[PDB]
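**Q** To start, I am sharing the structure in question, which I have written as structure tokens.
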Amino acid sequence: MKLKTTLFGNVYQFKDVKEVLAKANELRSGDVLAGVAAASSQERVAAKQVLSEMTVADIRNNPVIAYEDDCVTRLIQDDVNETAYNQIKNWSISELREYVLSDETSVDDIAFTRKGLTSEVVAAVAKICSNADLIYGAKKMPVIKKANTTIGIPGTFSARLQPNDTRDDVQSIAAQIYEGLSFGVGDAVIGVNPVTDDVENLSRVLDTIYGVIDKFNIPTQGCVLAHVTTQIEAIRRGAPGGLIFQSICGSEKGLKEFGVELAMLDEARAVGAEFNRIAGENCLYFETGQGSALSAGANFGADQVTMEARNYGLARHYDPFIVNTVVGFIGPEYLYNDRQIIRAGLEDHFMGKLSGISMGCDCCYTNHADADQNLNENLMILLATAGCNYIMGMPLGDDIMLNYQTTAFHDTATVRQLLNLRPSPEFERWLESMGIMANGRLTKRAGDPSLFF
Amino acid sequence: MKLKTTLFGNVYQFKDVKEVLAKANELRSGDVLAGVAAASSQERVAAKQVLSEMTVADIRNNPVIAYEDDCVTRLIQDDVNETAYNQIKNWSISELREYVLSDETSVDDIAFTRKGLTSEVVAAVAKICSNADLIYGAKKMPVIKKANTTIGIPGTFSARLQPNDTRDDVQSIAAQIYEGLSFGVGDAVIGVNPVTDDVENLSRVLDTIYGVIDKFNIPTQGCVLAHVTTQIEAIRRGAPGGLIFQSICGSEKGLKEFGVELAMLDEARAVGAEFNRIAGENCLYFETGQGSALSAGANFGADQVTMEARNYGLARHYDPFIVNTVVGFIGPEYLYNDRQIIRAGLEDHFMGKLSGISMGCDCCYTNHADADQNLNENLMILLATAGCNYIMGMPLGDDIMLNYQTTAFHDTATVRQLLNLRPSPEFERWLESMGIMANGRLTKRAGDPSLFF
Amino acid sequence: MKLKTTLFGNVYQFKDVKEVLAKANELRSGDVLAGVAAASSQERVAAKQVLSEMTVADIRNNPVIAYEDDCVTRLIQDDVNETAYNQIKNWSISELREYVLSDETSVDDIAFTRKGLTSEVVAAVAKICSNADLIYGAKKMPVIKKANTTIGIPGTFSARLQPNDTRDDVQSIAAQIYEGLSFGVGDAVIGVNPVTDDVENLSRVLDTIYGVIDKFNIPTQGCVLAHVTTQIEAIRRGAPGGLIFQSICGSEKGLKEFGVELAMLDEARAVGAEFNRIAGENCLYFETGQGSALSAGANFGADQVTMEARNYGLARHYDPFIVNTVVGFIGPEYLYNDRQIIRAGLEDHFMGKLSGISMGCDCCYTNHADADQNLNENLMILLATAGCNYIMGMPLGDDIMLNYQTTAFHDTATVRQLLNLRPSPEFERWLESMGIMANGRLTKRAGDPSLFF
Amino acid sequence: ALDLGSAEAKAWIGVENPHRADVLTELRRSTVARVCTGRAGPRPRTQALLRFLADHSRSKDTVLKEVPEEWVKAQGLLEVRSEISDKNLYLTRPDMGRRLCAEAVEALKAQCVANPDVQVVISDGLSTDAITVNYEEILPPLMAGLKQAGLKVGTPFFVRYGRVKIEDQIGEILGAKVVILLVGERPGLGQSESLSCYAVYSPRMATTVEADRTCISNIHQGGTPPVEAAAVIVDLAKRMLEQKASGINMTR
Ligand code: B12
Ligand code: NA
Ligand code: NA
């Protein structure tokens, strides 16, 4: 280990791997808040070069929370293919970056190589990547899963129907579902964040979602995004199980903040296998995002990019159908503006794909962040070129109860027709038979929720 | 017309079309400097709504500099197809936006409709477009021209080789040419901005460019980007004529600032037809960019988006092979940061394509602007999805001489392989014969200027 | 210059380039009438060899009417790319013939090379070409233009609807239009030669044509083939402008015979740009044919093939949408029989394509020529293999007021289905939606003008 | 181990399996452009990206960099400023950079010699380094050029926060027949010492356009040497007074 270079004659010294990981980040508001950011542009570049010259072994053997003290660290470390690790352990992070980006590196090459990574090493690669590096790197690392739809095939682009309501009103949820489907949204999942966290309400919202699914024989899956214990409860007691959701955090302390034990996610897998209406082998759904560990007190002096990578190492253990970052869900204190939210979105998606999870992005912002809808549209298109597995859909992107702006139903149809991308093949076939889609494109009759009536 | 709307109970009044056009702009530092920007987000939206409800006739019949006072206004107005105009003159700008964006509007529909437009109307549509509107709208309006390459075919993506040197040293120009061609850059043009402005030096720079072109039988064209008069002088006296370049401005006073008469561009067309080594029918090359009229004292109270649209109306008269905005060429006083430069890039490109010119973009920034290379990489990819005809290439994007950062040779290869786009078909054939490209992708021994030796 | 060879021991001497051009022609009745023909077969071959050994400079620098005395000569000479000319000026006509015919010569090679030609040089190449030379040579020189249809794409074949009537009766014109469209004729133009040359009648005939076009939303264009001044008058006063027509002749004296000044064709271009209902950039329509200069007193001792080539050099200046020779329009005094009319048709089309105009042919004969309908069918098929851009269509080819026989509506459908050629792509799409065409072929319902009722 | 600002970092060949590596070195020698750095797929190599990022961090500082008032005083120069107060306002307001402040006008009438044939103005503009590196090389032989055989020479003076059009107002107030402005053009990625000369015959605020100016650009040690450029600008000034013309109105 060098923890040291000289830049324009000036010696830059850092204390540990954790500080080098933190200060190599592009400027964001969360790293300044965490106290972990570079003091200058020159120290940023010095941290980047130190990181680049550090080896895979250097980063692997210094996780940001230690093995003994953290079950997520344990889970990440114990999932390593040590044969894959031993092949690459004396690679520099510079060499690993160039390996990932190389056109002579195949999907099958990275398939084995990523098994020798930990999340800290995944983070380290992203930190010395430019924006086009993150986009091209992610594009050449497809991850494909299957529920009742197949997601993540190159040339395809999926979307979550997010039909949220302030009262969980079943007419208002159904209204937004019919609108979303008319734009070809919902092949990732039809997924409601409920107001109330109880079995009767969970089951009623699931009955509404699956009422629509069963009437029109839609190849998709439903989800209610309450706490994982309440989902399991509802499904055991006979509510239709589709995807099972949990928000996750990249430390044990962060999971405790969220009220999650790892054995709940074990249980969710087993409940999925017994109960859930899923043709394929993946039925889990996680959401993540930069800032959450820092909110929780639970980052332990580590930056939010490294902590967010540790989400993906956690998620990978459970082989979910879908994961998305919710990239600007929280506010300006972690990511301040357009530039920071785009960069985070590209980082999050690259790191997800490098970790080998089915990685999408809620391209989003809040009204107290320095941000508008043109940022969502910038980011969703960049990420779609990166082969982002899915985004969200809401009516014009206005969430009326989560109080933020995500992407429109329009935006998925736009991305698909702009970039010549198709839905999930199962869902596309359904859209064609409904008269909503022809040759990847919305028909004249599309965009009209009254088609279903 | 109405110069007036009520928004949340408050009346928003504007003085004229010119003010409505200006305040409808997304926030940029140039409109604030010009004194013409909206005072708030609310007055911006009110301006947008007033603009959207104004007719095509309202904006056609109020150009921002008057017919009798301005030769660019005269050129724009006299080029109108009045039959196409009369069909659309009572359309609102809201209706024209929706017409442009509609999937039931074909390339051939817009081909006739755009002949009824003036530049101010073209500006008016862009001003009420979102970022995804600008990208999708531009994409469904391809513009194809032909020199020794064909540019602008959907599924293709071209690049100017820009081999600039601080002394016009012929070894340094040559070195940058060989590097560019090895990445597949140069199908738009091989185009030097010269230090000295001067027939001996122009001919020597052109001899260097065409030395490489003739040795390897390259389907492309050379250009030297001195003032149009010295180009014409040099070509008349027997230097190789490829593309003939001029920087243009969207008013008569702006052209006088640049030392340009309209009859010089007539002459450049005539000299092209007599002298120039061009197989196709297009041989002119213009560059543009927001802020230039405001710099010249020549915007006449108009915003820089409306002025930039008028560049394209001027350009369209001369049916050039290529035009690009040089989007962040000048600095922060006209476009301050990432978000403003992206927005302007998308505006400029959309407006060019709506004006029916072969529109590209120098995705660029300066070092006194709030900007870095990740912005260039953000913008080049967004614009490539919009079907941007071409960008620049320089070695890592570093201009050693014009003192700014544009896109890398890398970046064109990245865009093409990310988005499954090819070069100009003639240039692609050459790259395949050289062993630089197979199936749209750089071969192993590409990226290496020593291939040519 | 040699003006001299020896053939079988016998010395053949000619006075000038003009005599060599004249006597190298294949035997036709017009050259004998002009007094310019070879006296024997041996002198024909001797003239051919002298011509073949003469250089491009020899022919260029001796036009058949001099620069000072003739505005068409001036127009042809002043349109030369001198750089293209200087490359080829020391080529023999033999070498230029072999260059044109070579499979190693591309479309883009000839694109530049033809710009260094004049019409006399174009004529000289054709004179030493065999019939298969003229056909294969023309086939590998496609010329593509666009009005509301694209014409001249390889693999396509277009047709003029020629719905002429003895009284300009609007029911009889409409009848022939409906019949023509049912056979897939009219993608070049729907074009009436009127009886009476006045604005009210011109406008009424245009209203009838565009009545049909607008009702069925046909991608095509209308034309009334009166004198160009009367067309301009009608269109200014608010008649629908499609294509603007003029018959042309290859000398200034010939234009004066026709009542044409060049500034009328300038005006027609500008009137097109202001008024005309045309999506693409080409809106002019010329007709030509061998014999017209000789009729006018206006050939100045030059043969009719050289004079007809000068039509195409004139036409090329104005970049028309379409040109056709009207190959046997006049009578036996210029082209006597089947063999002469076929040869002229092949010459005319080759020379048009070499001149870079969108060249078709009215394959036709008169009742006082030694000719019948089997000649029309011979020639139309040969020219279709040569990639003739369009022919005429009339009901069985019987023109009831111009008193000659052109090609049937049947003949375009025959050629298309024989040779696997399609209409203009825009027009083909319209035919498919009308149920007239499937896969390039007439449906069962086609050939029936009552389909439109 | 490598400093990214070193000559070894600048000379780095990154091309992985070269067709001809002796050509590669002599191509790298031929230019200051970032050639021959190779690729990883279609993307830049890591060291090339790192050195780019290092050079940009250095470039950002040079736009905010200001010369000491004391350095201007040590050159024997009058310091005057524009309407601009500070570096941050300079970057956003070019219109104020194009006008002398009220105290600047009165200082020029006080302290400078009246109706010169040739007036040299020097301004930091957008790069201080372009002035500070180049000054002693360019300015003495420029002054000794215009004096020795020739003319009524103005006294040279610094304008802080100057944009190019300010030389029209300087021409009007001082009565100058030729105004030469030596000014810092905007900083490149890997250099900051690029000076331009902007020079104009007999300017007027109402009437002078940009094309009326002659530009001599890229004056530094990696461009046209400041000593060599000094004799260029003198010869330009002599031609300007002969022809009574500048910019596009000049012959040849
Ligand atoms: C930025 C820039 C521009 C901008 C200027 C807008 C602005 N507000 O900055 C735009 C895009 C408008 C521009 C246009 C052109 N430019 Co310029 N420009 C530059 C650049 C990169 C920076 C100059 C600078 O930093 N100035 C210093 C700052 C402090 O001055 P400023 O007050 O903020 O800006 C003023 C000057 O930049 C001036 N200016 C800019 N370009 C030119 C060109 C000429 C000939 C003149 C007299 C003045 C001039 O206009 C501004 C005042 O309104 C230089 C390259 C370089 N490395 O210097 C080329 C450069 C000066 N440009 C050049 C040329 C030729 C042109 C054009 C004539 C191109 C063309 N063929 O039409 C046009 C027309 C210029 C005009 N007459 O107005 C050449 C000059 C060659 C010469 N020795 O004559 C240069 C050196 C680049 C090159 N090709 O080598 N340019
Ligand atoms: Na934005
Ligand atoms: Na016959």
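Using Swiss-Prot numbers, chain D covers 44-295, in order.
Determination method: X-ray crystallography, 2.1 Å.
Any Cβ shown, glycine's included, is placed from N, Cα and C.
What Swiss-Prot shows for this protein is this:
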BINDING   D:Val207, D:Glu228, D:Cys258  adenosylcob(III)alamin binding site
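In terms of burial and nearby residues, how do these features look in this structure?
**A** For D:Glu228 (adenosylcob(III)alamin binding site), the same-chain residues lying six or more positions away in sequence with a CB closer than 8 A to its CB are D:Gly168, D:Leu169, D:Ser170, D:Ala173, D:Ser237, D:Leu238, D:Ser239, D:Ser260.
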**Q** Just checking: which of the binding-site residues D:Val207, D:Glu228, D:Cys258 have a C-beta under 6 Å from ligand 3?
**A** none
**Q** Determine the C-alpha span of the adenosylcob(III)alamin site listed in the record, that is the greatest distance between any two of D:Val207, D:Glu228, D:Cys258, in Å to the nearest whole number.
**A** 11
**Q** For the recorded adenosylcob(III)alamin site formed by D:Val207, D:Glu228, D:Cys258, which further same-chain residues have Cβ atoms within 8 Å of the site's Cβ center?
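**A** Other same-chain residues with Cβ inside the cutoff are D:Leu224, D:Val226, D:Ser239, D:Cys240, D:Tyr241, D:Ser260.
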**Q** For the binding-site residues D:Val207, D:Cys258, which one has its C-beta crowded by the most other C-beta atoms within 10 angstroms?
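**A** Checking each of D:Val207, D:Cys258, the winner is D:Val207.
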**Q** With DSSP assignments reduced to helix, strand and coil, which class does D:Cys258 (adenosylcob(III)alamin binding site) get?
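**A** Looking at the DSSP assignment, D:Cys258 (adenosylcob(III)alamin binding site) belongs to a strand.
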